Amino acid sequence: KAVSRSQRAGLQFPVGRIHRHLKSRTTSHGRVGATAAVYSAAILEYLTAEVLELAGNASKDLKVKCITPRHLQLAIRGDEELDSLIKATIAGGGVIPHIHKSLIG
Amino acid sequence: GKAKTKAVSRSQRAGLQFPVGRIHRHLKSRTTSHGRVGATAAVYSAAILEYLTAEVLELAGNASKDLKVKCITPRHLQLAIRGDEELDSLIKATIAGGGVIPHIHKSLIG
Amino acid sequence: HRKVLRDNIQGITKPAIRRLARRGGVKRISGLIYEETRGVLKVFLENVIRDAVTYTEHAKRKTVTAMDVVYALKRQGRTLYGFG
Amino acid sequence: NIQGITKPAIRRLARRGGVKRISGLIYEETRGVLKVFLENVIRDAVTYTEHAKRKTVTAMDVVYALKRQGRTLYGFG
Amino acid sequence: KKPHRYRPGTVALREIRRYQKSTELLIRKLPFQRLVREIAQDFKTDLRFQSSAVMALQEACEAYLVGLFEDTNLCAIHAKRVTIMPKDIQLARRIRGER
Amino acid sequence: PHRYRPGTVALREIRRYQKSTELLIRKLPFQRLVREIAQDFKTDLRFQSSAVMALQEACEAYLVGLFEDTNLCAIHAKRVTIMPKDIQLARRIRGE
Amino acid sequence: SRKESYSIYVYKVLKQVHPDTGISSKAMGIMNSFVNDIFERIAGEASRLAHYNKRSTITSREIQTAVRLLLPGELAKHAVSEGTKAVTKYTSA
Amino acid sequence: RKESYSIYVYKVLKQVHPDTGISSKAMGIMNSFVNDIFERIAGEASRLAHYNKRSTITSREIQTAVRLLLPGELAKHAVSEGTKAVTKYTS
DNA sequence: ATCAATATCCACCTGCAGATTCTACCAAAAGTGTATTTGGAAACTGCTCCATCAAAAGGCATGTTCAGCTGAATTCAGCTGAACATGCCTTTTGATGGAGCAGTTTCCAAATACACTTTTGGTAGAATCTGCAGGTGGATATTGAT
DNA sequence: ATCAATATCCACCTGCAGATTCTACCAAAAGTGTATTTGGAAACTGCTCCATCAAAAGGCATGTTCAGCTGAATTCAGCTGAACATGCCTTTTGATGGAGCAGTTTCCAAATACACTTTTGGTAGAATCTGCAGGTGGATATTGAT
Ligand SMILES: [Cl-]
Ligand SMILES: [Cl-]
Ligand SMILES: [Mn+2]
Ligand SMILES: [Mn+2]
Ligand SMILES: [Mn+2]
Ligand SMILES: [Mn+2]
Ligand SMILES: [Mn+2]
Ligand SMILES: [Mn+2]
Ligand SMILES: [Mn+2]
Ligand SMILES: [Mn+2]
Ligand SMILES: [Mn+2]
Ligand SMILES: [Mn+2]
Ligand SMILES: [Mn+2]
């Protein structure tokens with residue numbers, strides 16, 4: 001009976017699919033070990049969980065149910081490691097408020 | 001079967017100095033699974049590389065002869081690249097041993 | 001067969017530039033900023049669009065897709081999340 | 001060991017940068033900057049080194065670390 | 001009975017708080033689309049655009065300009081001003097490695 | 001006794017070091033620093049000398065460029081003297 | 001036609017960390033872009049590592065070094081821990 | 001036995017400046033430069049092929065890569081030289 | 001602002017140590033000939049989106065007035081940083097072993113690939129389910145004129 | 001240093017846009033069997049680094065003197081913000097053709113595969129050639145006295 005490799009690795013992210021994707025982005029005649037896809041899946045799953053944890057925290061401190069681009073932006077820009085890892089523009093996320101002291105009346 | 005036709009390298013056939021066959025092999029080793037490399041792709045790549053090499057060597061040899069010396073140095077390469085708008089925009093890498101293009105901001109001169 | 005498009009950089013109005021500066025935390029804006037900002041914006045747009053169209057023409061399309069813009073932004077070091 | 005990057009060496013670097021006058025607090029500040037810079041490059045270089053299961057950091061390891069940080073270096077390949 | 005007036009800068013700071021708390025796009029949407037089409041058609045004529053391509057372009061342009069204004073403001077404050085001026089933008093872009 | 005006025009030798013030094021290309025940090029303290037830093041990552045590391053030399057070329061090019069940007073910031077404030085706030089402004093705008 | 005995405009997995013992870021929270025479609029789009037970005041960073045550096053050391057197989061070793069190269073500090077430590085755990089549990093089957 | 005571009009760089013040099021030589025450290029810089037541009041073009045050509053769901057890197061991918069990666073006038077001349085080379089190679 | 005005095009810079013020089021170039025061999029790579037496959041181009045066509053136009057009301061751009069307060073201009077003192085003599089120590093330079101890694105070759109157990117087949121996890125579109133955007137109004141805080 | 005004006009903060013409310021589930025299929029994941037590749041253990045071997053040792057010079061540490069630059073203080077004209085009248089053009093949604101992407105099928109030009117020959121590029125030592133260490137003499141620049 002078929003057992004999914006995701007379940008075998010104790011993961012939510014799809015190990016087999018990620019294996020196909022790895023296999024289609026390595027050098028010519030390149031091979032990919034199975035546990036390479038298991039490790040990659042675990043990495044992606046962990047980073048997703050970290051970002052979602054922070055974004056749900058911002059979402060719950062604003063008294064709403066759903067994570068929005070805004071919450072993603074507050075979460076990523078508010079954590080120094082995530083901020084340094086993700087330099088991309090978060091569409092619809094705006095800015096973290098800040099007024100330099102020499103400008104307030 | 002007495003005579004073979006003389007072997008002509010793909011470089012020579014394309015009128016290039018840069019090695020078409022070697023570049024074709026590198027191109028095949030940078031392709032994805034089941035990737036192919038076209039016949040003319042390595043010739044195009046070879047020509048691009050030769051053109052850019054020729055441009056920087058031209059400018060650096062000009063700086064080399066305008067300094068009354070035989071050999072192009074890192075310094076001449078750096079002077080040539082930083083003094084050319086397009087090359088400076090294309091090549092942001094550090095040229096070890098090339099120093100900087102001399103310049104003092106006007107408000108610092110006595 | 002649309003009307004000729006001319007001078008549309010002027011559609012980036014002074015209030016729009018001011019709102020952008022405000023989100024940037026700017027409190028006071030010289031009168032010369034607006035033209036300067038239009039200039040900067042135009043260059044930025046040209047570069048991005050020039051690459052997007054290159055991708056479009058490579059794919060033998062006549063429609064610029066969101067992916068083409070995303071790839072052009074990535075190639076310019078201004079990666080964008082949320083469109084592909 | 002950071003103090004082995006002496007004040008005259010920092011001044012020479014500033015001079016190549018076209019600097020005419022240097023505040024006394026610059027030297028310590030510069031050392032801090034350099035330390036961070038060096039750490040990052042070295043952190044990646046030795047990473048490459050342990051991936052190859054070597055015990056000698058090569059010039060290639062350094063060049064790859066600098067390229068991966070957007071600071072490509074020509075002439076040591 | 002004199003009409004109420006806020007002092008110069010009180011409304012500016014209110015506007016900063018308002019637009020920093022929100023996430024909407026700040027450039028009008030049809031004028032931006034006209035700009036994108038005018039530019040794109042001087043590269044290749046009768047191009048079409050998906051709606052999402054124009055919107056992706058606007059998100060990028062606005063994120064770029066907000067960032068540029070953050071840096072420009074740092075330069076203006078550095079010179080002990082509260083007013084951004086062209087020299088501030090030019091200094092920010094020079095250090096960014098643009099132009 | 002001869003004295004140059006403050007700023008003449010500084011400008012002479014600028015022209016001197018901008019026309020030259022040698023390394024400006026002493027080699028032994030820099031190599032000592034490199035090894036000290038590396039030992040908090042992996043024990044009994046060895047280095048090719050060319051690895052240390054590449055590191056020194058990189059660090060010196062980085063610091064020279066940083067000083068160019070720092071000087072632009074000092075000049076922007078109508079000064080000729082670079083100060084820590086100048087370095088900090090340059091590094092912030094650079095995204096460091 | 002059927003375009004694949006990471007949405008169902010992102011939603012599963014969300015429910016694990018915040019059983020109470022949902023996600024808008026535009027934030028899901030941001031998450032999909034993020035996962036694909038990190039995947040191409042890892043895959044690029046893992047193939048590069050393979051070529052520097054002249055292996056032809058991308059193994060979990062290339063993935064682990066890529067993660068150390070690409071991830072800051074604490075993130076890398078924790079990521080390496082989750083990856084190792086998953087690999088040892090997958091091979092124990 | 002390590003490959004390099006030195007003999008070809010020297011050939012191009014003798015074409016543009018027959019009287020001039022090149023130091024070994026400058027030859028090393030030229031080698032780094034050539035390898036750098038080559039992996040930029042190859043990376044972008046491979047990406048172009050994959051965006052459009054193809055497996056072959058052709059000279060068309062290389063040409064678009066050159067348009068994407070090279071500034072303005074340089075790109076124009078590069079596209080000319082490559083085209084010239086291909087036309088002489090297929091003849 | 002021309003002198004006379006003083007200091008540094010910058011060509012030019014030679015001789016020789018070392019860097020460049022040349023020369024010859026030989027693994028490895030490029031090329032050829034010949035056979036065989038296949039990715040993708042071409043030609044259809046279905047059928048999404050895309051361009052353009054339309055309507056109408058109000059949200060917002062524009063252009064103006066007027067005055068608060070900012071940037072700019074100027075002065076100047078004190079205090080920092082440049083320049084310099086002096087003298088000491090760190091770095092540099094040159095040499096010598098040998099310890100310990102890299103690099104290379106060989107070689108299987110172990111890993112991965114691939115065709116075929118079975119099976120279901122994951123997707124598109126529809127059907128349900130329901131937060132949250134805005135809309136409104138009162139408490140609190142901030143602001144600017146007295 | 002007591003208020004009127006105005007904004008902000010923060011609950012409360014609901015309908016429908018959008019978040020989540022449901023539904024039906026099917027693309028691709030997983031199992032099996034068999035073929036092919038390869039990572040890495042084993043056993044070497046020159047050859048790079050490392051450790052040690054030594055002398056001496058030049059580069060740096062230090063202390064002194066003072067010039068000039070930075071920061072503070074002050075004044076003010078005009079520039080930019082706040083507020084308002086006015087009216088236009090942006091917004092939102094729908095229609096209408098139809099352009100052009102997608103999806104599908106077929107078949108070569110174009111690519112790979114494989115055996116074998118020819119060619120070349122890397123390497124190391126010899127043979128040449130050249131920058132460079134110092135030294136000099138004139139060009140140029142700085143400094144203080146009138
Ligand atoms: Cl200005
Ligand atoms: Cl400071
Ligand atoms: Mn036009
Ligand atoms: Mn067959
Ligand atoms: Mn086929
Ligand atoms: Mn009007
Ligand atoms: Mn002021
Ligand atoms: Mn005084
Ligand atoms: Mn099912
Ligand atoms: Mn609300
Ligand atoms: Mn030869
Ligand atoms: Mn000579
Ligand atoms: Mn000399």
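Excluded from the calculations below are hydrogen atoms, water molecules and symmetry mates; all remaining heavy atoms, backbone and side chain alike, are included. Every chain is numbered from 1, with letters handed out A, B, ... down the list of sequences.
At a threshold of 4.0 angstrom between heavy atoms, the contacts of F:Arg3 include nucleobase atoms, whether or not backbone atoms are also involved. The residue H:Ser6 sits apart from the nucleic acid: no heavy atom pair falls under 4.0 Å. Across all strands, E:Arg18 comes closer than 4.0 Å to no nucleic acid atom at all (heavy-atom distances). Using a 4.0 Å heavy-atom criterion, one finds that C:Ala16 contacts no nucleic acid atom at all. Residue-level contact check: F:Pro29 touches the backbone only, with heavy atoms under 4.0 Å from sugar-phosphate atoms and none from bases. Residue contacts for B:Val20: at a heavy-atom cut-off of 4.0 Å it reaches no nucleic acid atom on any strand shown. Counting non-hydrogen atoms under 4.0 angstrom, E:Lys1 reaches the backbone sugars and phosphates but no base. B:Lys68 comes within 4.0 angstrom of no nucleic acid atom, judged by non-hydrogen atoms across all strands. Heavy atoms of E:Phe32 sit nowhere under 4.0 angstrom from any nucleic acid atom. Using a 4.0 Å heavy-atom distance criterion, G:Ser24 is classed as a sugar-phosphate-only contact.
The CG-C1' distance, from C:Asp68 to I:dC50, rounds to 15 Å in whole Å. Atom CZ of E:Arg81 is separated from atom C1' of J:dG81 by 18 Å (rounded to the nearest Å). Between the NZ atom of E:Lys2 and the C1' atom of I:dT146 there is a distance of 10 Å, given to the nearest Å. The CD1-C1' distance, from B:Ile72 to I:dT21, rounds to 16 Å in whole Å. Distance NZ (C:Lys14) to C1' (J:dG81): 9 Å, rounded to an integer number of Å. Rounded to an integer number of Å, the gap from E:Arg17 CZ to J:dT6 P is 18 Å. F:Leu28 has its CG atom 14 Å from the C1' atom of J:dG59, to the nearest Å. Regarding A:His29, its NE2 atom lies at a distance of 19 Å from the P atom of J:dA35, rounded to whole Å.
When each of D:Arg21 and D:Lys55 is assigned the nucleotide of DNA chain I bearing its nearest heavy atom, the one mapping closer to the 5' terminus is D:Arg21. Summary of the strand contacts: C:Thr63 and F:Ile25 both lie near DNA chain I, and taking for each the nucleotide with the nearest heavy atom, the more 5' one is attributed to C:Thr63. Mapping F:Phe47 and D:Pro8 onto DNA chain J by nearest heavy atom places F:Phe47 at the nucleotide closer to the 5' end.
Remark: F:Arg12 is not positioned above the aromatic ring of F:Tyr17, lacking an NZ or CZ atom under 6.0 angstrom from the ring centre and at most 45 degrees off the axis.
Under 4.0 Å is where a charged nitrogen must lie from a carboxylate oxygen, and between H:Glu3 and B:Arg25 at least one such pair does. With respect to the salt-bridge test (charged N to carboxylate O, under 4.0 angstrom), the residues G:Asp20 and G:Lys15 do not qualify. With salt bridges taken as basic N to acidic carboxylate O contacts below 4.0 Å, none links D:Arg11 and F:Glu13.
The shortest distance between side-chain heavy atoms of E:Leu47 and E:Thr45 does not fall below 4.5 Å.
When the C1' atom is used for both I:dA11 and I:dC88, the distance is 37 Å, rounded to whole Å. The separation of J:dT143 from I:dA83, taken at their P atoms, amounts to 10 Å, rounded to a whole angstrom. Across J:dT146 and J:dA67, the matching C1' atoms stand 22 Å from one another, rounded to whole Å.
A 3.5 Å limit on both hydrogen-bonding distances identifies I:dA35 as the Watson-Crick or G-U partner of J:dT112. Both distances falling under 3.5 Å, in either a Watson-Crick or a G-U wobble arrangement, place J:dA139 opposite I:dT8.
Residue-to-nucleotide contacts include no donor-acceptor pair under 3.5 Å from the side chain of C:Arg19 to the base of I:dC60. Side-chain atoms of E:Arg48 stay outside donor-acceptor range of the base of I:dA51, with no qualifying N/O pair under 3.5 Å. On a pure distance criterion of 3.5 Å, a polar donor-acceptor pair joins the side chain of E:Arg5 and the base of J:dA82. You won't find any donor-acceptor pair under 3.5 Å spanning the side chain of E:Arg28 and the base of I:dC60, going by distance alone.
Heavy-atom minimum distance, A:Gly30 versus A:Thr26: CA-OG1, 3.4 Å. Between B:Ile23 and B:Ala42, the shortest heavy-atom contact is CG2-O, 3.9 Å.
Closest to the side chain of H:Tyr10, from the set I:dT21, J:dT118, I:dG39, is I:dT21.
In this pair, H:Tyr5 and B:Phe18 present their aromatic rings parallel. The plane angle is below 30°, not in the 30 to 60° band.
The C1'-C2'-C3'-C4' dihedral of J:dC13 is positive. Its furanose therefore counts as north.
Contact between the side-chain N/O atoms of E:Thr83 and the OP1/OP2 oxygens of I:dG71 is found at a separation under 4.0 Å. Close to I:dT32, at under 4.0 Å from its OP1 or OP2, lies a side-chain N or O of B:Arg13.
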